[PDB]
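K.L.:
File protein38.tsv follows (TSV, C-alpha atoms):
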```
chain	number	residue	atom	x	y	z
C	1	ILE	CA	156.69	74.66	96.31
C	2	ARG	CA	155.35	71.22	95.40
C	3	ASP	CA	156.90	67.81	95.98
C	4	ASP	CA	160.61	67.68	96.75
C	5	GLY	CA	161.32	71.19	95.52
C	6	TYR	CA	159.22	70.78	92.40
C	7	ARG	CA	159.23	74.39	91.20
C	8	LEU	CA	159.71	78.11	91.80
C	9	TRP	CA	156.79	80.32	92.80
C	10	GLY	CA	156.59	84.11	92.58
C	11	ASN	CA	156.93	86.55	89.72
C	12	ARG	CA	156.87	89.41	92.24
C	13	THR	CA	160.05	91.29	93.22
C	14	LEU	CA	161.32	93.50	96.05
C	15	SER	CA	160.13	96.92	94.99
C	16	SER	CA	158.57	99.84	96.80
C	17	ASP	CA	157.23	100.89	93.38
C	18	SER	CA	154.12	98.97	92.31
C	19	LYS	CA	154.79	99.56	88.59
C	20	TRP	CA	157.91	97.38	88.82
C	21	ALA	CA	156.15	94.69	90.81
C	22	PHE	CA	156.79	91.97	88.22
C	23	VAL	CA	160.24	90.62	87.37
C	24	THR	CA	158.75	90.16	83.92
C	25	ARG	CA	158.34	93.93	83.73
C	26	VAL	CA	161.89	94.66	84.84
C	27	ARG	CA	163.56	91.95	82.75
C	28	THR	CA	161.63	92.94	79.65
C	29	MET	CA	162.41	96.63	80.10
C	30	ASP	CA	166.10	95.74	80.48
C	31	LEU	CA	166.75	93.05	77.86
C	32	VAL	CA	164.64	94.84	75.26
C	33	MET	CA	167.24	97.58	75.44
C	34	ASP	CA	170.13	95.12	75.38
C	35	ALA	CA	168.80	93.93	72.02
C	36	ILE	CA	168.39	97.54	70.85
C	37	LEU	CA	171.94	98.61	71.73
C	38	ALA	CA	173.41	95.39	70.40
C	39	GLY	CA	172.15	96.43	66.97
C	40	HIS	CA	172.39	100.21	67.13
C	41	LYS	CA	176.14	99.99	67.78
C	42	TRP	CA	176.67	101.80	64.47
C	43	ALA	CA	174.52	104.69	65.73
C	44	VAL	CA	177.01	105.74	68.45
C	45	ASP	CA	179.51	107.78	66.38
C	46	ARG	CA	179.33	108.73	62.67
C	47	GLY	CA	178.86	112.16	61.13
C	48	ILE	CA	175.29	113.29	61.77
C	49	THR	CA	173.61	113.59	58.39
C	50	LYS	CA	170.15	114.90	57.51
C	51	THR	CA	168.93	111.31	57.61
C	52	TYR	CA	170.57	110.30	60.89
C	53	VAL	CA	167.44	110.86	62.97
C	54	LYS	CA	165.44	108.74	60.53
C	55	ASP	CA	167.99	105.96	60.18
C	56	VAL	CA	167.79	105.47	63.93
C	57	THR	CA	164.02	105.90	64.37
C	58	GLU	CA	163.52	103.23	61.70
C	59	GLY	CA	166.26	100.92	62.96
C	60	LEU	CA	164.44	101.08	66.28
C	61	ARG	CA	161.13	100.30	64.61
C	62	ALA	CA	162.82	97.20	63.13
C	63	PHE	CA	164.14	95.60	66.31
C	64	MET	CA	161.03	96.70	68.17
C	65	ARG	CA	158.71	95.25	65.56
C	66	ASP	CA	160.59	91.94	65.53
C	67	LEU	CA	160.18	91.66	69.28
C	68	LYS	CA	156.45	92.22	68.85
C	69	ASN	CA	156.29	89.47	66.26
C	70	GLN	CA	157.86	86.90	68.60
C	71	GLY	CA	155.57	87.82	71.50
C	72	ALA	CA	158.08	89.86	73.56
C	73	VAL	CA	155.81	92.91	73.73
C	74	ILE	CA	152.34	93.96	72.62
C	75	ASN	CA	152.50	97.02	70.35
C	76	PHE	CA	154.95	99.87	70.79
C	77	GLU	CA	155.71	103.36	69.58
C	78	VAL	CA	159.01	104.92	68.61
C	79	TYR	CA	159.71	108.46	67.46
C	80	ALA	CA	162.26	111.24	67.90
C	81	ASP	CA	161.07	113.49	70.76
C	82	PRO	CA	161.00	116.93	69.09
C	83	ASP	CA	160.93	119.04	72.25
C	84	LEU	CA	164.61	118.37	72.95
C	85	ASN	CA	166.20	117.75	69.55
C	86	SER	CA	167.90	121.08	68.89
C	87	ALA	CA	170.83	122.68	67.11
C	88	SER	CA	172.67	123.04	70.42
C	89	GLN	CA	172.23	119.41	71.47
C	90	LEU	CA	173.12	118.22	67.97
C	91	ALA	CA	176.31	120.31	67.82
C	92	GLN	CA	177.15	118.64	71.14
C	93	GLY	CA	176.43	115.21	69.62
C	94	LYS	CA	173.35	114.46	71.76
C	95	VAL	CA	169.86	113.61	70.47
C	96	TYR	CA	166.69	112.07	71.96
C	97	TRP	CA	163.97	109.50	71.16
C	98	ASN	CA	160.93	107.99	72.87
C	99	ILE	CA	160.25	104.23	72.96
C	100	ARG	CA	156.99	103.88	74.88
C	101	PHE	CA	155.71	100.26	74.76
C	102	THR	CA	153.59	97.68	76.65
C	103	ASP	CA	154.85	94.43	78.24
C	104	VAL	CA	153.16	91.01	78.43
C	105	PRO	CA	151.14	90.81	81.67
C	106	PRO	CA	151.90	87.39	83.22
C	107	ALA	CA	148.60	85.61	83.90
C	108	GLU	CA	148.38	85.20	87.65
C	109	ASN	CA	145.55	84.44	90.06
C	110	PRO	CA	143.08	82.60	87.84
C	111	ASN	CA	139.81	82.80	89.84
C	112	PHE	CA	137.92	79.57	89.19
C	113	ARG	CA	134.47	80.45	90.49
C	114	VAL	CA	132.37	77.29	90.88
C	115	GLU	CA	128.82	76.52	91.99
C	116	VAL	CA	127.62	73.01	92.72
C	117	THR	CA	123.96	73.43	91.77
C	118	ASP	CA	121.07	71.08	91.10
C	119	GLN	CA	120.11	72.65	87.76
C	120	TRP	CA	121.01	69.72	85.49
C	121	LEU	CA	119.19	67.15	87.60
C	122	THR	CA	115.91	66.62	85.78
C	123	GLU	CA	117.93	66.76	82.55
C	124	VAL	CA	119.16	63.30	83.57
C	125	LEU	CA	118.10	60.55	86.00
C	126	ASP	CA	114.33	61.16	86.34
C	127	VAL	CA	112.71	59.01	83.64
C	128	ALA	CA	114.65	60.14	80.54
D	1	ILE	CA	95.44	19.61	121.05
D	2	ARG	CA	95.49	15.85	120.54
D	3	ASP	CA	97.13	13.16	122.65
D	4	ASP	CA	99.81	14.25	125.11
D	5	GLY	CA	100.36	17.65	123.50
D	6	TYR	CA	100.36	16.25	119.99
D	7	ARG	CA	100.30	19.53	118.05
D	8	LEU	CA	99.64	23.26	117.82
D	9	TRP	CA	96.26	24.58	116.69
D	10	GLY	CA	95.47	28.08	115.44
D	11	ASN	CA	96.79	30.14	112.56
D	12	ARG	CA	94.83	33.13	113.90
D	13	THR	CA	96.56	35.99	115.75
D	14	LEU	CA	95.66	38.80	118.17
D	15	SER	CA	94.56	41.55	115.83
D	16	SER	CA	91.74	44.05	115.84
D	17	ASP	CA	92.25	44.23	112.06
D	18	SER	CA	90.64	41.35	110.16
D	19	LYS	CA	93.05	41.66	107.22
D	20	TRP	CA	95.93	40.58	109.47
D	21	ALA	CA	93.95	37.73	111.00
D	22	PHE	CA	96.39	35.05	109.84
D	23	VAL	CA	99.95	34.72	111.12
D	24	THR	CA	100.65	33.42	107.63
D	25	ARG	CA	99.67	36.84	106.31
D	26	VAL	CA	101.86	38.75	108.74
D	27	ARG	CA	104.88	36.44	108.49
D	28	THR	CA	104.75	36.42	104.71
D	29	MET	CA	104.42	40.20	104.51
D	30	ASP	CA	107.44	40.52	106.82
D	31	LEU	CA	109.89	37.86	105.64
D	32	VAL	CA	109.18	38.62	101.98
D	33	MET	CA	110.69	42.02	102.67
D	34	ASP	CA	113.58	40.56	104.64
D	35	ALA	CA	114.51	38.63	101.50
D	36	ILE	CA	114.08	41.77	99.37
D	37	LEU	CA	116.32	43.98	101.54
D	38	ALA	CA	118.88	41.22	101.97
D	39	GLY	CA	119.45	41.41	98.22
D	40	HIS	CA	118.82	45.08	97.49
D	41	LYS	CA	121.61	46.09	99.89
D	42	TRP	CA	123.44	47.57	96.89
D	43	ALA	CA	120.43	49.79	96.17
D	44	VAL	CA	120.84	51.86	99.37
D	45	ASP	CA	123.59	54.32	98.31
D	46	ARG	CA	125.22	54.71	94.87
D	47	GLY	CA	124.97	57.63	92.46
D	48	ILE	CA	121.47	57.69	91.00
D	49	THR	CA	121.82	57.06	87.28
D	50	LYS	CA	119.19	57.14	84.53
D	51	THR	CA	118.83	53.39	84.97
D	52	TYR	CA	118.64	53.33	88.77
D	53	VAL	CA	114.86	53.15	88.86
D	54	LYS	CA	114.92	50.26	86.41
D	55	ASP	CA	117.75	48.36	88.06
D	56	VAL	CA	115.69	48.29	91.23
D	57	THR	CA	112.26	47.59	89.69
D	58	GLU	CA	113.81	44.60	87.91
D	59	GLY	CA	115.85	43.39	90.86
D	60	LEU	CA	112.55	43.39	92.73
D	61	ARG	CA	110.87	41.45	89.95
D	62	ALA	CA	113.66	38.86	90.32
D	63	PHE	CA	113.37	38.12	94.03
D	64	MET	CA	109.60	38.44	93.82
D	65	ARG	CA	109.38	36.05	90.90
D	66	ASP	CA	111.59	33.49	92.64
D	67	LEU	CA	109.31	33.55	95.65
D	68	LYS	CA	106.36	32.90	93.36
D	69	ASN	CA	108.16	29.94	91.82
D	70	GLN	CA	108.71	28.26	95.20
D	71	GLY	CA	105.10	28.79	96.30
D	72	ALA	CA	105.67	31.71	98.71
D	73	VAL	CA	103.10	33.93	96.97
D	74	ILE	CA	100.63	33.74	94.10
D	75	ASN	CA	101.36	36.41	91.49
D	76	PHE	CA	102.58	39.90	92.29
D	77	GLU	CA	103.16	43.29	90.74
D	78	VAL	CA	106.09	45.65	91.09
D	79	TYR	CA	106.57	49.07	89.55
D	80	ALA	CA	107.89	52.53	90.43
D	81	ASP	CA	104.94	54.63	91.67
D	82	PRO	CA	105.09	57.66	89.34
D	83	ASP	CA	102.94	60.01	91.42
D	84	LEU	CA	105.72	60.58	93.94
D	85	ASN	CA	108.96	60.07	92.01
D	86	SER	CA	110.06	63.66	91.41
D	87	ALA	CA	113.11	65.85	90.90
D	88	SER	CA	112.79	67.14	94.47
D	89	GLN	CA	112.59	63.70	96.07
D	90	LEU	CA	115.41	62.43	93.87
D	91	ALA	CA	117.70	65.35	94.74
D	92	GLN	CA	116.96	64.43	98.36
D	93	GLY	CA	117.86	60.78	97.64
D	94	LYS	CA	114.33	59.39	98.14
D	95	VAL	CA	112.31	57.38	95.61
D	96	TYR	CA	109.21	55.14	95.73
D	97	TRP	CA	107.91	51.79	94.42
D	98	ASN	CA	104.80	49.64	94.79
D	99	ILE	CA	104.93	45.88	95.52
D	100	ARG	CA	101.30	44.79	95.65
D	101	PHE	CA	101.02	40.96	95.88
D	102	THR	CA	98.78	38.11	97.12
D	103	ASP	CA	99.61	35.61	99.90
D	104	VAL	CA	98.80	31.87	100.13
D	105	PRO	CA	95.45	31.46	101.94
D	106	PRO	CA	95.93	28.64	104.48
D	107	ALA	CA	93.20	26.04	103.93
D	108	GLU	CA	91.12	26.04	107.08
D	109	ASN	CA	87.65	24.74	107.95
D	110	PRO	CA	87.16	21.99	105.38
D	111	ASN	CA	83.37	21.43	105.43
D	112	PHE	CA	82.78	17.72	104.82
D	113	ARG	CA	79.08	17.65	104.03
D	114	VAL	CA	77.77	14.08	104.16
D	115	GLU	CA	74.41	12.40	103.59
D	116	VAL	CA	73.73	8.81	104.55
D	117	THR	CA	71.14	7.99	101.88
D	118	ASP	CA	69.58	4.80	100.54
D	119	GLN	CA	70.25	5.60	96.88
D	120	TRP	CA	72.78	2.84	96.16
D	121	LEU	CA	70.67	0.11	97.72
D	122	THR	CA	69.03	-1.62	94.77
D	123	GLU	CA	72.38	-1.25	92.99
D	124	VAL	CA	73.54	-4.02	95.33
D	125	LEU	CA	71.93	-6.67	97.56
D	126	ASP	CA	68.52	-7.19	95.89
D	127	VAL	CA	69.04	-10.03	93.40
D	128	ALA	CA	72.07	-8.74	91.44
```
For the file at hand, write its structure as structure tokens.

P.N.:
Amino acid sequence: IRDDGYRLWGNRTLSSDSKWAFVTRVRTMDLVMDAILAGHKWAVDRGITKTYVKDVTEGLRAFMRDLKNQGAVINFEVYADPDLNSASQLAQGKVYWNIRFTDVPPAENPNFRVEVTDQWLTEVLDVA
Amino acid sequence: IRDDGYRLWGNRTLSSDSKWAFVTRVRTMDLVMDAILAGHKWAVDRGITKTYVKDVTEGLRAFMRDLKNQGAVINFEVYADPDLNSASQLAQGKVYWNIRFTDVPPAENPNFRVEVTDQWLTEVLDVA
């Protein structure tokens, strides 16, 4: 829109699912993880120690926290989903964590409500 | 009247109302306002400001004063009738002023009273 192809217009994206209505939502949810993986590269091998679970849940809380600091998200919550982490899964290498967080809602549709009254009329003009 | 249609004769006019007996009265009361309006043209629009009332009451005192200077009237009095100027009327554009003035009474009916006496008789003639 706007003069001679001034600018883009539309944060919305083709999605049947309303939750992923904003490209901001999708892009955040994707690139957040790009930053996580490019940083937890060390975590994808290595002999599982007693402190492996904690090394990772803290490493996550580092990258995640940094993103919060620079605006990227608004609060978050990382931990190591217990109802899944088991001896069997661990012997087979696997292990799970949760990373529930909130993404910056892009301000859209500011509703400037306006009333042209005659309230401030006597306050000026008449005599004064 | 007078020889071979010398001149006109009669300042009086057809009027049931004695106040408007003189054409001088009517013509003055009319053309005075013609001069006022042709001069306060600017005053018939424009966003009413705090000083609108004063701009006009002074503009009136200018044209009115000038007319006094060149004889047209004899004193006058302009102001902005308070018991009418209100927030309601102003919101609806309207506004009021008074322009009470006096008009030049045309000298008519000079009464030359004359007595042919014999007072200044001895003052001359006899002896001297």

K.L.:
Compute the chain C side of the contact with chain D at 8 Å, counting all atoms listed in the file, and hand it back as a PDB file with C-alpha atoms, in the frame of the given file.

P.N.:
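File result30.pdb, as written:
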```pdb
ATOM      1  CA  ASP C 118     121.070  71.080  91.100  1.00  0.00           C
ATOM      2  CA  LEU C 121     119.190  67.150  87.600  1.00  0.00           C
ATOM      3  CA  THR C 122     115.910  66.620  85.780  1.00  0.00           C
ATOM      4  CA  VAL C 124     119.160  63.300  83.570  1.00  0.00           C
ATOM      5  CA  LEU C 125     118.100  60.550  86.000  1.00  0.00           C
ATOM      6  CA  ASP C 126     114.330  61.160  86.340  1.00  0.00           C
ATOM      7  CA  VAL C 127     112.710  59.010  83.640  1.00  0.00           C
ATOM      8  CA  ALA C 128     114.650  60.140  80.540  1.00  0.00           C
TER       9      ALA C 128
END
```

K.L.:
Could I get chain C fitted onto chain D (least squares, all C-alpha atoms, in order) as a compact mmCIF listing (two decimals) with C-alpha atoms, in the coordinates of the input?

P.N.:
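Writing the result to out14.txt gives the following:
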```
# COMPACT_ATOMS: atom_id res chain seq x y z
CA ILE C 1 95.44 19.61 121.05
CA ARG C 2 95.50 15.85 120.54
CA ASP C 3 97.14 13.16 122.65
CA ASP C 4 99.81 14.26 125.11
CA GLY C 5 100.36 17.65 123.51
CA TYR C 6 100.37 16.25 119.99
CA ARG C 7 100.30 19.53 118.05
CA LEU C 8 99.64 23.26 117.82
CA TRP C 9 96.26 24.58 116.69
CA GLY C 10 95.47 28.08 115.43
CA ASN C 11 96.78 30.15 112.56
CA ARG C 12 94.83 33.13 113.91
CA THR C 13 96.56 35.99 115.76
CA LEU C 14 95.66 38.80 118.17
CA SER C 15 94.57 41.55 115.83
CA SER C 16 91.74 44.05 115.84
CA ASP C 17 92.25 44.23 112.06
CA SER C 18 90.64 41.34 110.17
CA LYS C 19 93.05 41.67 107.22
CA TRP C 20 95.93 40.58 109.47
CA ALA C 21 93.95 37.74 110.99
CA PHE C 22 96.39 35.05 109.83
CA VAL C 23 99.95 34.72 111.12
CA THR C 24 100.65 33.43 107.63
CA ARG C 25 99.67 36.84 106.30
CA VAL C 26 101.86 38.74 108.75
CA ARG C 27 104.88 36.44 108.49
CA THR C 28 104.74 36.42 104.71
CA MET C 29 104.42 40.20 104.51
CA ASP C 30 107.43 40.53 106.83
CA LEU C 31 109.89 37.87 105.64
CA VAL C 32 109.18 38.61 101.98
CA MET C 33 110.68 42.01 102.67
CA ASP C 34 113.58 40.56 104.64
CA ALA C 35 114.51 38.63 101.49
CA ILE C 36 114.08 41.78 99.38
CA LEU C 37 116.32 43.98 101.54
CA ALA C 38 118.88 41.22 101.96
CA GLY C 39 119.46 41.41 98.21
CA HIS C 40 118.82 45.08 97.49
CA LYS C 41 121.61 46.09 99.88
CA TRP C 42 123.45 47.57 96.89
CA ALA C 43 120.43 49.80 96.17
CA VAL C 44 120.83 51.87 99.37
CA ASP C 45 123.59 54.31 98.31
CA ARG C 46 125.22 54.71 94.86
CA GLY C 47 124.98 57.63 92.46
CA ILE C 48 121.47 57.69 90.99
CA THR C 49 121.83 57.07 87.28
CA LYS C 50 119.18 57.15 84.54
CA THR C 51 118.84 53.40 84.97
CA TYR C 52 118.64 53.33 88.77
CA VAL C 53 114.85 53.15 88.87
CA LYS C 54 114.92 50.25 86.41
CA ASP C 55 117.75 48.36 88.06
CA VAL C 56 115.69 48.28 91.24
CA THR C 57 112.27 47.59 89.69
CA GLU C 58 113.81 44.60 87.90
CA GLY C 59 115.85 43.40 90.87
CA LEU C 60 112.55 43.39 92.74
CA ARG C 61 110.87 41.45 89.95
CA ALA C 62 113.66 38.86 90.32
CA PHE C 63 113.38 38.12 94.04
CA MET C 64 109.61 38.44 93.82
CA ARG C 65 109.37 36.05 90.90
CA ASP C 66 111.59 33.49 92.63
CA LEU C 67 109.31 33.55 95.65
CA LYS C 68 106.36 32.89 93.36
CA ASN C 69 108.15 29.94 91.82
CA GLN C 70 108.71 28.26 95.20
CA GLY C 71 105.10 28.78 96.30
CA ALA C 72 105.67 31.71 98.70
CA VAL C 73 103.10 33.93 96.97
CA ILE C 74 100.63 33.74 94.10
CA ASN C 75 101.36 36.41 91.48
CA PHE C 76 102.58 39.90 92.29
CA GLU C 77 103.16 43.29 90.73
CA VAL C 78 106.08 45.65 91.10
CA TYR C 79 106.57 49.07 89.55
CA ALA C 80 107.89 52.52 90.42
CA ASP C 81 104.94 54.63 91.67
CA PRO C 82 105.09 57.66 89.34
CA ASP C 83 102.94 60.01 91.41
CA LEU C 84 105.73 60.58 93.94
CA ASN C 85 108.97 60.07 92.01
CA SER C 86 110.06 63.66 91.41
CA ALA C 87 113.10 65.85 90.90
CA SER C 88 112.79 67.14 94.47
CA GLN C 89 112.59 63.70 96.08
CA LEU C 90 115.41 62.43 93.88
CA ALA C 91 117.71 65.35 94.74
CA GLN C 92 116.97 64.42 98.36
CA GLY C 93 117.86 60.78 97.63
CA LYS C 94 114.33 59.39 98.14
CA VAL C 95 112.31 57.38 95.61
CA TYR C 96 109.21 55.13 95.74
CA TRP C 97 107.91 51.78 94.43
CA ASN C 98 104.79 49.64 94.80
CA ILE C 99 104.93 45.89 95.52
CA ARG C 100 101.29 44.79 95.66
CA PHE C 101 101.02 40.97 95.88
CA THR C 102 98.78 38.11 97.12
CA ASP C 103 99.61 35.61 99.90
CA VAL C 104 98.80 31.88 100.13
CA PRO C 105 95.45 31.47 101.93
CA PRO C 106 95.93 28.65 104.48
CA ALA C 107 93.20 26.04 103.93
CA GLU C 108 91.11 26.03 107.08
CA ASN C 109 87.65 24.74 107.94
CA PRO C 110 87.16 21.99 105.37
CA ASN C 111 83.36 21.42 105.43
CA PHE C 112 82.79 17.72 104.82
CA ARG C 113 79.08 17.66 104.03
CA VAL C 114 77.77 14.08 104.16
CA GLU C 115 74.41 12.40 103.59
CA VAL C 116 73.73 8.81 104.54
CA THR C 117 71.14 7.98 101.88
CA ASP C 118 69.58 4.80 100.54
CA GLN C 119 70.25 5.60 96.88
CA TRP C 120 72.78 2.83 96.16
CA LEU C 121 70.67 0.10 97.72
CA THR C 122 69.04 -1.61 94.76
CA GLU C 123 72.39 -1.25 92.99
CA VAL C 124 73.54 -4.03 95.33
CA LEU C 125 71.92 -6.66 97.57
CA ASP C 126 68.52 -7.19 95.89
CA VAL C 127 69.04 -10.03 93.41
CA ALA C 128 72.07 -8.74 91.44
```

K.L.:
CA of residue 95 (chain D) and CA of residue 74 (chain D), how far apart in Å?

P.N.:
26.4 Å

K.L.:
Tell me, as JSON, numbers by chain, which residues lie within 10 Å of residue 32 (chain C), counting all atoms listed in the file; anything in the same chain fewer than 2 positions away does not count.

P.N.:
{"C": [26, 27, 28, 29, 30, 34, 35, 36, 37, 63, 64, 67, 72, 73]}

K.L.:
Between CA of residue 23 (chain D) and CA of residue 79 (chain D), what is the distance in Å, rounded to a tenth?

P.N.:
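Distance reported for this atom pair: 26.7 Å.
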
K.L.:
What gap, in Å, lies between CA of residue 60 (chain C) and CA of residue 11 (chain C)?

P.N.:
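That distance, rounded to one decimal, is 28.6 Å.
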
K.L.:
Find the residue from C:103, C:115, C:123, C:81 that sits nearest to residue 22 (chain C); use only C-alpha atoms when measuring.

P.N.:
C:103

K.L.:
Mind completing region 85-104 of chain D with N, CA, C and O atoms? Output as a PDB file, in the coordinates of the input, please?

P.N.:
```pdb
ATOM      1  N   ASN D  85     107.616  59.929  92.559  1.00  0.00           N
ATOM      2  CA  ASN D  85     108.960  60.070  92.010  1.00  0.00           C
ATOM      3  C   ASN D  85     109.117  61.413  91.312  1.00  0.00           C
ATOM      4  O   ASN D  85     108.551  61.632  90.241  1.00  0.00           O
ATOM      5  N   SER D  86     109.883  62.309  91.928  1.00  0.00           N
ATOM      6  CA  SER D  86     110.060  63.660  91.410  1.00  0.00           C
ATOM      7  C   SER D  86     111.503  64.114  91.507  1.00  0.00           C
ATOM      8  O   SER D  86     112.335  63.464  92.140  1.00  0.00           O
ATOM      9  N   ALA D  87     111.782  65.253  90.884  1.00  0.00           N
ATOM     10  CA  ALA D  87     113.110  65.850  90.900  1.00  0.00           C
ATOM     11  C   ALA D  87     113.509  66.206  92.330  1.00  0.00           C
ATOM     12  O   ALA D  87     114.651  65.997  92.734  1.00  0.00           O
ATOM     13  N   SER D  88     112.556  66.745  93.084  1.00  0.00           N
ATOM     14  CA  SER D  88     112.790  67.140  94.470  1.00  0.00           C
ATOM     15  C   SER D  88     113.190  65.940  95.317  1.00  0.00           C
ATOM     16  O   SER D  88     114.243  65.941  95.962  1.00  0.00           O
ATOM     17  N   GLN D  89     112.338  64.920  95.314  1.00  0.00           N
ATOM     18  CA  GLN D  89     112.590  63.700  96.070  1.00  0.00           C
ATOM     19  C   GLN D  89     113.901  63.037  95.667  1.00  0.00           C
ATOM     20  O   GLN D  89     114.615  62.492  96.508  1.00  0.00           O
ATOM     21  N   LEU D  90     114.216  63.083  94.378  1.00  0.00           N
ATOM     22  CA  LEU D  90     115.410  62.430  93.870  1.00  0.00           C
ATOM     23  C   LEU D  90     116.665  63.192  94.309  1.00  0.00           C
ATOM     24  O   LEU D  90     117.653  62.586  94.713  1.00  0.00           O
ATOM     25  N   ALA D  91     116.611  64.520  94.248  1.00  0.00           N
ATOM     26  CA  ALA D  91     117.700  65.350  94.740  1.00  0.00           C
ATOM     27  C   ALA D  91     117.951  65.081  96.216  1.00  0.00           C
ATOM     28  O   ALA D  91     119.090  65.101  96.681  1.00  0.00           O
ATOM     29  N   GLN D  92     116.872  64.814  96.948  1.00  0.00           N
ATOM     30  CA  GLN D  92     116.960  64.430  98.360  1.00  0.00           C
ATOM     31  C   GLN D  92     117.086  62.907  98.532  1.00  0.00           C
ATOM     32  O   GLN D  92     116.676  62.357  99.546  1.00  0.00           O
ATOM     33  N   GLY D  93     117.604  62.206  97.526  1.00  0.00           N
ATOM     34  CA  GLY D  93     117.860  60.780  97.640  1.00  0.00           C
ATOM     35  C   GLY D  93     116.658  59.847  97.518  1.00  0.00           C
ATOM     36  O   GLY D  93     116.783  58.763  96.948  1.00  0.00           O
ATOM     37  N   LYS D  94     115.503  60.257  98.036  1.00  0.00           N
ATOM     38  CA  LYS D  94     114.330  59.390  98.140  1.00  0.00           C
ATOM     39  C   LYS D  94     113.802  58.946  96.777  1.00  0.00           C
ATOM     40  O   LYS D  94     114.171  59.496  95.742  1.00  0.00           O
ATOM     41  N   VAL D  95     112.934  57.939  96.803  1.00  0.00           N
ATOM     42  CA  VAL D  95     112.310  57.380  95.610  1.00  0.00           C
ATOM     43  C   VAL D  95     111.345  56.287  96.072  1.00  0.00           C
ATOM     44  O   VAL D  95     111.556  55.690  97.123  1.00  0.00           O
ATOM     45  N   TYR D  96     110.290  56.035  95.302  1.00  0.00           N
ATOM     46  CA  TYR D  96     109.210  55.140  95.730  1.00  0.00           C
ATOM     47  C   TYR D  96     108.905  54.020  94.732  1.00  0.00           C
ATOM     48  O   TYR D  96     109.140  54.163  93.533  1.00  0.00           O
ATOM     49  N   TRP D  97     108.377  52.908  95.249  1.00  0.00           N
ATOM     50  CA  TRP D  97     107.910  51.790  94.420  1.00  0.00           C
ATOM     51  C   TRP D  97     106.735  51.099  95.094  1.00  0.00           C
ATOM     52  O   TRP D  97     106.583  51.159  96.310  1.00  0.00           O
ATOM     53  N   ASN D  98     105.908  50.444  94.289  1.00  0.00           N
ATOM     54  CA  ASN D  98     104.800  49.640  94.790  1.00  0.00           C
ATOM     55  C   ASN D  98     105.140  48.158  94.643  1.00  0.00           C
ATOM     56  O   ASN D  98     105.861  47.783  93.721  1.00  0.00           O
ATOM     57  N   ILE D  99     104.635  47.320  95.549  1.00  0.00           N
ATOM     58  CA  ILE D  99     104.930  45.880  95.520  1.00  0.00           C
ATOM     59  C   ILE D  99     103.676  45.090  95.889  1.00  0.00           C
ATOM     60  O   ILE D  99     103.721  44.137  96.649  1.00  0.00           O
ATOM     61  N   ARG D 100     102.538  45.491  95.349  1.00  0.00           N
ATOM     62  CA  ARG D 100     101.300  44.790  95.650  1.00  0.00           C
ATOM     63  C   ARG D 100     101.321  43.311  95.223  1.00  0.00           C
ATOM     64  O   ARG D 100     101.592  43.003  94.064  1.00  0.00           O
ATOM     65  N   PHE D 101     101.056  42.405  96.169  1.00  0.00           N
ATOM     66  CA  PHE D 101     101.020  40.960  95.880  1.00  0.00           C
ATOM     67  C   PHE D 101      99.991  40.219  96.739  1.00  0.00           C
ATOM     68  O   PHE D 101      99.459  40.772  97.698  1.00  0.00           O
ATOM     69  N   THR D 102      99.728  38.960  96.387  1.00  0.00           N
ATOM     70  CA  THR D 102      98.780  38.110  97.120  1.00  0.00           C
ATOM     71  C   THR D 102      99.492  36.982  97.872  1.00  0.00           C
ATOM     72  O   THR D 102     100.448  36.403  97.358  1.00  0.00           O
ATOM     73  N   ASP D 103      98.999  36.644  99.065  1.00  0.00           N
ATOM     74  CA  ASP D 103      99.610  35.610  99.900  1.00  0.00           C
ATOM     75  C   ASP D 103      98.780  34.319  99.975  1.00  0.00           C
ATOM     76  O   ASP D 103      97.553  34.354  99.930  1.00  0.00           O
ATOM     77  N   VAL D 104      99.460  33.182 100.104  1.00  0.00           N
ATOM     78  CA  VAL D 104      98.800  31.870 100.130  1.00  0.00           C
ATOM     79  C   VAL D 104      97.748  31.694 101.244  1.00  0.00           C
ATOM     80  O   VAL D 104      98.091  31.568 102.419  1.00  0.00           O
TER      81      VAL D 104
END
```
